[PDB]
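Chains as they are written, first to last, in the entry's author numbering: chain M, 53 to 154; chain N, 2 to 116; chain Q, 199 to 297; chain S, 2 to 345; chain O, 1 to 392. By construction, the Cβ of each residue, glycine as well, lies at the ideal position given by its N, Cα and C atoms.
This is the structure:
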């Protein structure tokens with residue numbers, strides 16, 4: 053898993069860079085200002101694998117709750133709306149890898 | 002068992018952008034006990050990195066997973082190996098602009114030996 | 199191509215080509231285009247990577263050939279295999295859609 | 002008009018045309034096709050009007066922020082030079098052109114209420130043309146809506162400041178966006194009226210066409226953003242959507258009343274123009290392509306002050322295309338290539 | 001041709017096959033042809049010969065030449081940087097061992113008879129071996145000089161920082177040699193002499209701020225110890241238990257307090273940092289002068305040995321029997337480049353090709369013309385007239 057992750061995550065990790073000048077500004081400051089609440093909670097579910105309880109992690113994203121609402125300007129809405137999905141779903145494998153580590 | 006549901010990040014704000022978009026916690030508005038960290042690679046001190054790493058590791062039993070840039074992972078490698086506890090799960094992210102380096106994953110380093 | 203060869207092989211070439219009568223079709227531009235073929239020999243073994251790559255990127259159809267006329271017979275046989283039947287496709291397809 | 006328009010301004014058009022001739026044409030996009038790695042883009046960007054300053058200071062890894070700021074630095078230089086050399090009426094016209102950017106900049110000013118962002122950082126995040134030297138407005142309490150008065154008395158934007166205390170002030174997350182949209186609509190209408198009353202008829206049309214395309218595009222994009230988060234009131238939408246489309250002012254109201262994808266789809270179908278929905282995966286790319294094709298009409302008129310406006314827009318969108326190619330190469334996306342504008 | 005012009009004479013190369021004759025005069029030799037061709041004062045050419053020690057198989061030669069060209073351009077850029085930085089010091093803004101005797105030898109008379117003899121390494125080694133050695137030594141020299149110049153600039157900015165504090169107001173402005181400790185009571189915590197500084201504007205507004213509102217400011221001592229024509233100082237005292245309240249009052253009046261501890265080590269630090277910065281910068285400058293001279297002279301010979309071998313092999317694979325052919329080095333004054341190049345091509349292009357008469361030649365790699373690129377692999381166009389950009 054580790055090696056193929058090394059590339060898959062980076063695949064969607066650079067979709068943020070295009071948005072910066074697609075919307076014409078350094079989106080980092082905005083997005084950080086646009087954040088005051090999480091939406092991706094993880095459950096350390098216990099799986100008694102062969103009589104041993106192992107802390108597996110539940111890759112649970114919250115679509116009914118958003119970050120500190122500051123979304124879209126008029127020049128990059130679609131890119132951000134697809135990024136918050138693709139690069140967010142690039143985290144379920146992360147949750148599973150953490151479970152594997154534990 | 003959700004005794005730790007917060008995902009700490011010590012990595013560049015560039016990387017932290019999409020993470021916060023997906024949600025990695027929040028800034029705690031009673032003592033500014035933020036569930037993450039902001040760092041500039043190769044141009045900001047590591048003492049604050051070590052302090053926040055101690056905070057998330059031993060002073061925070063609620064941190065689900067600490068995500069650390071591989072760059073930072075080797076920057077504070079001593080600290081990285083210092084704290085090895087499963088529940089505060091540690092997964093070192095290959096840092097943006099720093100291609101996947103298995104040598105930069107301490108847990109993967111343990112995955113080297115005894116095999 | 200002749201000048202590109204003039205360059206890449208640095209003053210050493212054996213270039214033999216003849217225009218192809220009865221021009222042919224295509225699909226990239228979809229025309230009854232006018233096409234030719236090439237024949238060259240040289241000592242480069244690995245260099246042929248660039249040769250075939252540039253040719254195909256511009257235009258090329260791989261042709262495993264033989265430096266003599268003996269295998270010519272084998273190639274004639276193998277091509278004639280399909281040749282004997284190729285032409286059916288159209289006339290077969292016709293009557294069904296017609297009726 | 003015509004020759005009478007040329008009594009003392011026979012050189013401004015010449016220098017503007019000289020600058021425009023430096024824009025990358027289709028034969029330059031032939032290398033963009035060959036551009037599939039950062040090294041190739043750097044080599045090309047050491048040979049063009051953007052040549053040897055996007056790579057002299059930047060490293061091989063072409064990052065979006067450095068590349069775009071370096072590209073736009075010379076654009077700021079040229080625009081400031083033109084404005085200095087522009088006549089009084091043209092000076093005021095350039096001032097209004099920059100007023101859009103500095104409406105966005107004051108929107109950044111007011112928006113900062115949870116981070117108290119530094120003025121230097123903000124002016125770094127927007128066009129420096131939209132920043133005179135300072136703005137003692139952050140001295141007052143920076144609430145969601147507590148500086149509109151301070152900025153209005155500080156900036157000269159009383160006309161372009163549509164009242165934000167009327168409906169843009171609700172102490173809501175919408176504030177940091179609705180104030181921006183309303184001020185953008187106000188500035189768009191003010192600029193539309195200015196180009197209607199000044200900027201003679203060839204230059205008039207060369208303005209209104211692109212101004213309307215931009216206003217309608219902003220309407221659609223902010224409508225999508227509202228639909229991509231908590232929705233808003235149709236009256237609020239009208240406050241956000243530029244009420245005067247400047248190409249079609251009736252279907253914008255239809256979109257404002259429409260609160261569903263089908264309603265906006267209907268409001269877009271009757272426009273008798275481009276259809277953003279149902280055929281665009283990245284609507285912004287198609288909008289940019291169409292906008293540049295439309296501003297090419299500005300250059301189609303040899304006698305119009307719209308040449309500088311079209312030139313700056315074309316250069317900015319070309320830098321956008323260069324950054325887009327650089328990034329799709331970073332993601333190894335060869336399909337996102339050809340999204341670059343092909344009119345010039 | 002030209003690479004650096006102070007009083008130089010430009011240099012080029014050309015192939016010299018020795019089985020044919022010049023186009024126009026089939027009864028002349030290149031020495032005679034040239035000396036008859038070009039006007040005097042410039043009509044000079046020098047000879048050169050190099051052996052063939054290690055020869056890769058035919059198919060490798062192409063990539064060998066390609067990498068040779070790559071490193072050639074790289075090292076040309078490197079030495080361009082070397083000379084740019086050299087004259088950047090401005091100690092010598094002109095030729096430095098460029099017109100001065102090269103390695104104590106005449107500027108031309110150290111390369112024409114230089115046939116890669118053993119100077120510091122074996123005069124006979126494999127192609128790749130020589131390439132690697134030269135590349136690595138050059139890289140080491142470049143890294144050393146670059147780090148040294150970074151240190152030099154660091155020292156310069158240290159000098160700038162030191163000189164910055166010499167100008168400004170009194171919030172940190174030094175009071176060490178013009179400060180009276182007797183006017184600065186320190187034995188006990190009874191009267192703490194605060195150092196309050198104000199611009200010259202508020203003379204009256206300040207002079208009646210202690211003797212009308214304060215408490216126990218020791219009389220007869222509230223004045224300036226030194227004035228910089230823009231700001232002044234005052235040795236104000238106050239309690240040991242109400243310092244902050246009076247400081248807050250003063251800052252309401254918008255004064256800039258100066259809090260400081262009179263310590264000798266601080267003055268010693270000032271003097272020593274001044275001396276260290278200045279002396280280190282100067283000594284580094286001069287040591288770097290020697291280092292750059294050495295590295296430049298060292299890389300001199302290989303800089304063109306590389307192209308010597310390049311052509312040495314390009315000719316053979318291009319033309320004629322394997323072992324050897326006539327070859328020479330062009331040594332001529334400047335300002336006649338296209339002039340010479342005309343008869344240059346005229347002399348031997350007729351044999352470089354033998355079935356063409358064209359008007360489109362050249363060798364270059366940019367990304368401005370897609371066709372007519374001259375990139376041997378993409379849109380390349382004839383050039384049988386090799387020369388090179390080398391100069392005194």
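DSSP bridge partner residues for residue i (one or two, in chain order)
i: residue 46 of chain O; result: O/329
i: residue 14 of chain O; result: O/328
i: residue 96 of chain M; result: M/109
i: residue 40 of chain N; result: N/13
i: residue 221 of chain Q; result: Residue 221 of chain Q is not bridged to any residue.
i: residue 391 of chain O; result: O/10
i: residue 375 of chain O; result: O/378
i: residue 70 of chain N; result: N/94
i: residue 214 of chain Q; result: Q/237
i: residue 197 of chain O; result: O/233, O/256
i: residue 64 of chain N; result: N/7
i: residue 105 of chain O; result: O/102
Three-way DSSP call (helix, strand, coil) for residue i in this model
i: residue 112 of chain M; result: strand
i: residue 341 of chain O; result: helix
i: residue 107 of chain M; result: strand
i: residue 306 of chain S; result: coil
i: residue 206 of chain O; result: helix
i: residue 1 of chain O; result: coil
i: residue 238 of chain Q; result: strand
i: residue 233 of chain O; result: strand
i: residue 257 of chain O; result: strand
i: residue 278 of chain O; result: helix
i: residue 110 of chain N; result: helix
i: residue 252 of chain S; result: helix
i: residue 186 of chain O; result: coil
i: residue 225 of chain S; result: helix
i: residue 175 of chain S; result: coil
i: residue 101 of chain M; result: strand
i: residue 233 of chain S; result: coil
Nearest-angstrom beta carbon gap, residue j and residue i [assumed within contact, 8 Å]
i: residue 135 of chain M; j: residue 72 of chain M; result: Actually they are not in contact, since the Cβ atoms of residue 135 of chain M and residue 72 of chain M sit about 11 Å apart, beyond 8 Å.
i: residue 51 of chain N; j: residue 80 of chain N; result: 5 Å
i: residue 178 of chain O; j: residue 225 of chain O; result: 6 Å
i: residue 5 of chain N; j: residue 82 of chain N; result: Residue 5 of chain N to residue 82 of chain N, Cβ: 21 Å. No contact.
i: residue 65 of chain O; j: residue 310 of chain O; result: 6 Å
i: residue 335 of chain S; j: residue 37 of chain S; result: 7 Å
i: residue 206 of chain Q; j: residue 380 of chain O; result: 7 Å
i: residue 107 of chain M; j: residue 84 of chain N; result: Not a contact, Cβ separation roughly 17 Å.
Under 7 Å by beta carbon: chain B residues contacting residue i
i: residue 122 of chain M; result: In the structure shown, chain B does not exist; the protein chains are M, N, Q, S and O.
Near the ligand GTP: residue i beta-carbon under 8 Å from a heavy atom
i: residue 180 of chain S; result: As presented, the structure is devoid of all ligands, the ligand GTP included, so that no description of it is given.
| message | Can you pull out the residues from the region 301-316 of chain O whose beta carbon lies closer than 9 Å to at least one beta carbon of chain Q? | response | Legend: CB atoms of the region 301-316 of chain O lying less than 9 Å from CB atoms of chain Q belong to residues 314.
| request: Flag this pair as touching only if the region 53-61 of chain S and the region 29-38 of chain S have three or more C-beta atom pairs under 8 Å; answer yes or no. | output: At 8 Å Cβ cutoff, the stretches do not touch.
| In chain order, what residues of the region 227-246 of chain Q put their CB closer than 7 Å to some CB of chain O? | Hits within the stretch, in order: 241, 242, 243, 244, 245.
| Members of the region 96-110 of chain M near chain S, C-beta cut-off 9 Å | Near chain S, meaning a CB-to-CB distance below 9 Å, no residue of the region 96-110 of chain M qualifies.
| field | chain M contacts made by the region 97-111 of chain N, where a contact means CB separation under 8 Å | value | Under the 8 Å Cβ criterion, the region 97-111 of chain N contributes 97, 100, 101, 103, 106, 108, 109.
| said: Between the region 310-328 of chain S and the region 206-215 of chain S, can you find at least three pairs of beta-carbon atoms closer than 8 Å? | reply: Segment contact: the region 206-215 of chain S against the region 310-328 of chain S, three or more CB-CB distances shorter than 8 Å; contact assigned.
| Selection of the region 351-377 of chain O by Cβ proximity to chain Q, strictly under 7 Å | Taking 7 Å as the Cβ-Cβ cut-off against chain Q, the residues of the region 351-377 of chain O that qualify are 376, 377.
| Residues of the region 57-77 of chain M whose Cβ lies closer than 7 Å to any Cβ of chain S, in chain order | Residues passing the 7 Å Cβ filter: 63, 66, 67, 69, 70, 72, 73, 74, 77.
| query | Quick one, which residues of the region 249-279 of chain Q are near chain O if we go by CB-CB under 8 Å, in chain order? | reply | Of all residues in the region 249-279 of chain Q, only 252 come within less than 8 Å of chain O when Cβ atoms are compared, listed by chain position.
| field | Short-range partners of chain M found in the region 35-58 of chain N, where Cβ spacing is below 8 Å | value | Considering only beta carbons, the part of the region 35-58 of chain N lying closer than 8 Å to chain M consists of 36, 39, in chain order.
| Cβ pair count under 8 Å reaching 3, the region 296-306 of chain O against the region 73-90 of chain O | Contact between the region 296-306 of chain O and the region 73-90 of chain O is present: three or more C-beta pairs spanning the two stretches fall below 8 Å.
| Are the region 104-115 of chain N and the region 211-219 of chain Q in contact at 8 Å, needing three or more beta carbon pairs? | These segments do not touch.
| field | Where the region 22-54 of chain S meets chain O: residues whose CB sits under 9 Å from a CB there | value | Going along the region 22-54 of chain S in chain order, one finds 28, 29, 31, 32, 35, 36, 41, 44, 45, 47, 48, 49 with a Cβ nearer than 9 Å to chain O.
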